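What follows is a short report on a single structure.
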Amino acid sequence: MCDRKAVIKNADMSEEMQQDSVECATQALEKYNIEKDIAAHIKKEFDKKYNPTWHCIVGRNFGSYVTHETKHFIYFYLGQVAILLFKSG
Amino acid sequence: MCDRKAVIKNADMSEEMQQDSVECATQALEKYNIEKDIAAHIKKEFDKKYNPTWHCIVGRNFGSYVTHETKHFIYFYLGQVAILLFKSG
Amino acid sequence: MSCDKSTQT
Amino acid sequence: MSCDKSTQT
Numbered sequence: 001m002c003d004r005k006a007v008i009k010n011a012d013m014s015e016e017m018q019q020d021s022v023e024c025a026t027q028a029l030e031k032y033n034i035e036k037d038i039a040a041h042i043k044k045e046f047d048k049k050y051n052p053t054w055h056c057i058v059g060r061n062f063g064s065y066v067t068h069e070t071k072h073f074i075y076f077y078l079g080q081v082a083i084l085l086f087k088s089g
Numbered sequence: 001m002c003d004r005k006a007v008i009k010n011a012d013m014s015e016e017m018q019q020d021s022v023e024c025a026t027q028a029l030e031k032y033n034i035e036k037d038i039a040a041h042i043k044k045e046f047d048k049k050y051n052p053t054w055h056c057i058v059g060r061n062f063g064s065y066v067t068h069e070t071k072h073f074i075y076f077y078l079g080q081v082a083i084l085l086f087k088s089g
Numbered sequence: 001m002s003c004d005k006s007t008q009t
Numbered sequence: 001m002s003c004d005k006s007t008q009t
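Going down the list, the sequences are from chains B, A, C and D. Read in PDB author numbering, the first sequence has 66 at position 66, and its numbers run on one by one without any break. Read in PDB author numbering, the second sequence has 82 at position 82, and its numbers run on one by one without any break. Read in PDB author numbering, the third sequence has 2 at position 2, and its numbers run on one by one without any break. Read in PDB author numbering, the fourth sequence has 9 at position 9, and its numbers run on one by one without any break.
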């Protein structure tokens with residue numbers, strides 16, 4: 001019907017910022033029903049509000065290696081999908 | 001054959017470099033039985049030979065928005081599994 | 001840099 | 001503002 005639950009895997013950034021991602025992801029899913037837009041949406045918001053550059057990813061399942069900045073990284077599993085975010089300009 | 005067929009979708013880098021990724025992904029997959037290790041392996045190899053910084057992802061299904069450099073970007077589905085590679089230091 | 005790109009299976 | 005880190009669902 002609408003299964004969904006947060007499950008932070010790891011995060012290194014201000015609570016409000018990481019929490020923002022949680023809502024940014026939740027709302028992102030509500031608007032977009034495909035990881036492509038979900039990630040791209042979240043990225044723009046963080047890149048525009050928190051200043052560039054943010055890299056975003058979303059998927060039901062996937063592994064990846066990535067390098068980011070500092071105090072600007074977060075990753076959490078929501079429902080049947082994962083939402084990754086971190087600056088790596 | 002045993003499936004594991006490459007399927008280039010996006011590419012923006014030296015032929016040998018992109019082809020290297022194809023083999024790097026193919027070999028990476030046969031080495032590790034988890035897309036997570038795949039990216040980490042492929043990434044280190046490119047950051048080692050090509051020099052940092054490379055972002056690599058591998059998953060059964062997902063989507064992500066990311067900005068890279070130039071002449072250092074590539075993406076392709078291998079054996080159904082997605083395998084992304086691109087510099088975005 | 002060439003230009004940003006969004007990946008998707 | 002620079003550090004590598006793995007990630008997986």
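Here a beta-carbon is modelled for each residue, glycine too, at the ideal position from N, C-alpha and C.
- Message: Are the CB atoms of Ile-34 (chain A) and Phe-76 (chain A) within a distance shorter than 7 Å?
- Response: Looking up residue 76 (chain A) in the second sequence gives position 76. Looking up residue 34 (chain A) in the second sequence gives position 34. Contact flag unset, no.
- Task: Take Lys-44 (chain A) as the anchor and find which of A:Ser-14, A:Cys-24, A:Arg-60, A:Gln-19 has the nearest alpha-carbon.
- Result: Walking along the second sequence from the start, residue 44 (chain A) turns up at place 44. Closest by alpha carbon: A:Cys-24.
- Query: Are any of the Cβ atoms in chain D nearer than 7 Å to that of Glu-35 (chain B)?
  - Reply: Counting from one through the first sequence, the residue named residue 35 (chain B) turns up at place 35. So no, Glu-35 (chain B) is outside the interface.
- For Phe-46 (chain B), which residues of its own chain have a beta-carbon under 6 Å away from its beta-carbon, when the five flanking residues on both sides are left out? In the first sequence, counting from the first residue as 1, residue 46 (chain B) sits at position 46. These residues qualify, in order along the chain: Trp-54.
- Message: Against chain C, with Cβ distances strictly below 7 Å, would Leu-85 (chain A) count as a contact?
- Response: The sequence position of residue 85 (chain A) within the second sequence is 85, counting from 1. For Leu-85 (chain A), no CB of chain C lies under 7 Å from its own CB, so it is not counted at the interface with that chain.
- Query: Cα-Cα, which of B:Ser-64, B:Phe-86, B:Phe-62, B:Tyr-32 is closest to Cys-56 (chain B)?
  - Reply: For the purposes of this step, residue 56 (chain B) is taken as residue 56 along the first sequence, with counting starting at 1. Ranked by Cα distance from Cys-56 (chain B), the first of B:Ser-64, B:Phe-86, B:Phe-62, B:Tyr-32 is B:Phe-86.
- Query: Hey, is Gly-63 (chain A)'s beta-carbon within less than 7 Å of any beta-carbon in chain C?
  - Reply: As a working note, residue 63 (chain A) is residue 63 in the second sequence. When Cβ-Cβ separations below 7 Å define contact, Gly-63 (chain A) makes contact with chain C.
- Message: Taking its Cβ as the centre, do 16 or more other Cβ atoms sit within 10 Å of residue 169 (chain A), making it buried, or is it exposed?
- Response: The displayed coordinates of chain A run from 1 to 89. Any statement about residue 169 (chain A) would go beyond what the structure contains.
- Task: Specify, as a first and last residue, the run of the alpha helix (DSSP H) that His-41 (chain B) falls within.
- Result: Within the first sequence, the letter at position 41 stands for residue 41 (chain B). First-last of the alpha helix (DSSP H) with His-41 (chain B): 35-49.
- Message: Using only CA atoms, which one of A:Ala-6, A:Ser-88, A:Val-22 lies nearest to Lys-71 (chain A)?
- Response: Residue mapping note: residue 71 (chain A) aligns to position 71 of the second sequence, counting from 1. Taking only the C-alpha atoms, the option nearest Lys-71 (chain A) is A:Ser-88.
- Query: Using a beta-carbon distance below 7 Å, is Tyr-75 (chain A) in contact with chain C?
  - Reply: Translated into the one-based positions of the second sequence, residue 75 (chain A) becomes position 75. For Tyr-75 (chain A), the nearest beta carbon of chain C is closer than 7 Å to its own beta carbon.
- Message: Give me, in chain order, the residues of the same chain whose beta-carbon lies closer than 7 Å to that of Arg-60 (chain B); leave out the 5 immediate sequence neighbours on both sides.
- Response: To locate residue 60 (chain B), count along the first sequence from 1; it is residue 60. Correct list, in chain order: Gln-80, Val-81.
- What residues from chain C crowd round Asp-3 (chain A), counting only those whose CB sits closer than 9 Å? Against the second sequence, residue 3 (chain A) aligns to sequence position 3. Neighbours of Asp-3 (chain A) on chain C: none; closest Cβ ~16 Å, over 9 Å.
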